[PDB]
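Commentary on secondary and tertiary structure
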There are 2 protein chains.
Amino acid sequence: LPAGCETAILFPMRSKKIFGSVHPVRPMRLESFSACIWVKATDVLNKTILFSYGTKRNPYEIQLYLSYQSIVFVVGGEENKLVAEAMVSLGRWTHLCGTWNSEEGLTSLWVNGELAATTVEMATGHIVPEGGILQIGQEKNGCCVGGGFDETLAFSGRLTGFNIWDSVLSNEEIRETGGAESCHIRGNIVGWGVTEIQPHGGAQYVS
Amino acid sequence: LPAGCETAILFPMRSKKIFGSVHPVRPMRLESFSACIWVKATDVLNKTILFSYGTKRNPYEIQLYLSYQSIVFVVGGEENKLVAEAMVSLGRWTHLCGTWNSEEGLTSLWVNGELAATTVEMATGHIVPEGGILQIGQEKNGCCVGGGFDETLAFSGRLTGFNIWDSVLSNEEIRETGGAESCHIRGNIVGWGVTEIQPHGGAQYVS
């Protein structure tokens, strides 16, 4: 387990059926936010969508994915994105965090409690609309067609601590969530064990 | 049997899952086209979506929906439509059919094989996109989610003789399709009993 957790998803095999359905309880109102996460990637491709919140008219409303030895940060749509280079590789628990603002379009990334990317005037004044759904480990593809889901974009590996925050996280708290006692640090939008998480098609906890 | 047909589909109750899955054989890419049908208007609400063909970027590519007394026929989008006034019935096998072209934006509607309405230079040059889903008996929405199909948009009743053509039908052919010897003339785009049709969510085949 990454730092002090005892539970983690297993994702033993990426196939055309592995996915999950999360049903958060509270609104997604966000003109700014931050999202720490610990990840253990087994294989990284040019395109492998770890998750993406999508609306009926904007499936790419939120998304981040690893492009070989790089990390992509998609906001709002495919066109608007931020990328850092050569930080994520196969098989190691690594803390990923970031921040965004709509006032002057400020956004940033924080790995291991340490900066990874930053820019300004992106998604300035943007507000995420509701009505979409957040999906983990898969992109929009067939589910019950004897497979269907893109095994290419599917994921295999260990994950734990699915959390989301309603506002920006200070650099101090980002560092703390990058520390060895980050398992108990959870956000309010989503908290591990607090938010409804429904693995499917292979994603197994290792509690 | 009406129109000489030998099979039909019953929509016994307007419900949030009642619909049918239609998969026409050939592409829908047409400029001048026509399609006629017999409808037994069981319920005529202020809005009872008869069907809805929609592409991802345009939910209202093609949509015929029935109002209290008017057959509102939408082409391309909500902006362009063709509408009748006081000649739609309740609980009676009735004929409604329309044509369209992009050359000069021609369009028409045909009740009981008799012309109903028409306008010119409507969507001139427009080409209907292909590859979309031809949802029937209900405006496109979720079914497996559990309900999803707004019952107001849902329709109930018996349906027979589904036909789609690749050209504007002549007046003589419209009269022929409006008679008791109209079952045999079935559309090449879709022919009653040719294109696979699966009533679902309460609907069943009937004859």
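Residues numbered from 1 in each chain as written, not as in the entry; some residues may be left out. Chains lettered and ligands numbered in written order. Heavy atoms only, no water.

Going by the header, the method for this PDB entry is cryo-EM, and the resolution given is 8.3 Å.

1. A few points about the packing of aromatic side chains
How two aromatic rings sit relative to each other is set out by the distance from centre to centre and by the angle between their planes. Residues and elements named next belong to chain A. According to the stated counting rule, one finds seven aromatic pairs over all chains in the structure shown. For the ring pair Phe-11 and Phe-155, a centre distance of 5.8 Å and an interplane angle of 75° mean the geometry is edge-to-face. Pair noted here: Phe-11 is in the segment before β1 (19–23) and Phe-155 is in the loop between β11 (133–136) and β12 (157–160), with a separation of 144 residues, a long-range link. Relative accessible area serves as the criterion here: at 4%, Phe-155 is assigned to the buried category. (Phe/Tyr/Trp six-rings, centres within 6.5 Å; stacked < 30°, edge-to-face > 60°. Helix = DSSP H or I, 4+ residues; strand = E, 2+ residues; numbered from the N terminus. Buried < 20%, exposed > 50% of the residue type's maximum accessible area, 1.4 Å probe, protein only.)

2. Observations concerning a negative patch on the surface
A cluster of like negative charges, contributed by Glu31(A), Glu103(A), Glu104(A) and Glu121(A), occupies part of the molecular surface. Counting through the fold element by element, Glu31(A) comes out in the loop between β1 and β2 (33–34). (Patch = residues over 30% accessible without salt bridge, like charges linked within 9 Å, V, L, I, M, F, W, Y side chains within 5 Å. Areas by Shrake-Rupley, 256 points an atom, 1.4 Å probe, with all protein chains shown as cover. Salt bridge = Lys/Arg side-chain N within 4 Å of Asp/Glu carboxyl O. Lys, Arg positive; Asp, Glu negative; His and termini not counted. Charge placed at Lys NZ, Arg CZ, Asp CG, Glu CD.)

3. So, the UniProt feature "domain: Pentraxin (PTX)" in chain A
Residues annotated by UniProt as "domain: Pentraxin (PTX)" correspond here to residues 5–207 of chain A. For the annotated span residues 5–207 of chain A, helix accounts for 3% and strand for 34% of the residues, and the straight-line distance between the end C-alpha atoms is 9 Å. (UniProt positions renumbered as here; feature names shortened; annotations may be inferred.)

4. Notes on the environment of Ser70(B)
All names here are of chain B. Within the secondary structure, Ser-70 sits in the loop between β6 (62–66) and β7 (71–75). When the C-alpha atoms of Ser-70 and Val-83 are compared, they prove to be 6.1 Å apart, with 13 residues separating the residues in sequence. Once you skip the residues sitting within four places of it in the chain, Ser-70 turns out to touch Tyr-65, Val-83, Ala-84, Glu-85 and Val-88. (Contact = heavy atoms within 4.5 Å.)

5. Digging into the UniProt feature "disulfide bond" in chain A
Residue and element names in this part refer to chain A. Per UniProt, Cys-5 and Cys-183 form a disulfide, and the coordinates bear that out, putting the sulfurs 2.0 Å apart. Taken together, the residues span a long stretch of sequence, with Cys-5 in the segment before β1 and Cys-183 in the loop between α1 (171–177) and β13 (196–200) at a distance of 178 residues. Disulfide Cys-36/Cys-97 (UniProt): S-S 3.4 Å, absent from this structure. Looking at the element boundaries, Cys-36 is found in the loop between β2 and β3 (37–41). (Disulfide = S-S within 2.5 Å.)

6. Describing unusual backbone geometry
All names here are of chain A. Although it is not a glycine, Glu-121 sits at a positive phi angle of roughly 65°. Mapped onto the elements, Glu-121 comes out in the loop between β10 (114–119) and β11. Positive phi outside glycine occurs at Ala-123, with the angle close to 55°. Mapped onto the elements, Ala-123 comes out in the loop between β10 and β11. According to the relative accessible area criterion, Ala-123 is buried, its value standing at 17%.

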